[PDB]
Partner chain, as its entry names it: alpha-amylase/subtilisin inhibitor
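The chain below stands alone, shown as structure tokens; this is the form solved without the partner chain.
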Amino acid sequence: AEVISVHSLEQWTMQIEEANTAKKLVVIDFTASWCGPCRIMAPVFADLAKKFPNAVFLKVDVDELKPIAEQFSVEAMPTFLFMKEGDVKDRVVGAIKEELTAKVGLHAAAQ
């Protein structure tokens, strides 16, 4: 499984609606090109995506898709947002590898 980079509002909409129909967890990495911690977390996020194929892992550039960043009040980066069937389930803020890993494991399992 791969991290899906979302580069438009149309792409965002498609990914979210398809995930919601399939009733699967969505984990979004809110990132920026100039953000050092974000670069550090990129491989960690990609690794988790491979380990959890039942969940959808999305990457959103906050400068590219401002309405989506604004929607979730994302001003700190990286922010990892957990969402399932329209509801925010969790948030990880910063390059905290252990916390991200634990929360993916918690939310991706059968509920």
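Numbering follows the first chain given and starts at 1.
What comes next is about the form solved in complex with the partner chain, which does not appear here.
Put simply, of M83, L65, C35, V44 only one has a heavy atom within 4.5 Å of the partner chain in the entry with it bound, and it is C35. The partner is absent here; in the entry with it bound, the one residue of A69, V26, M77, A49 having a heavy atom within 4.5 Å of the partner chain is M77. Contact annotation for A95: at least one heavy atom lies within 4.5 Å of the partner chain in the entry with it bound.
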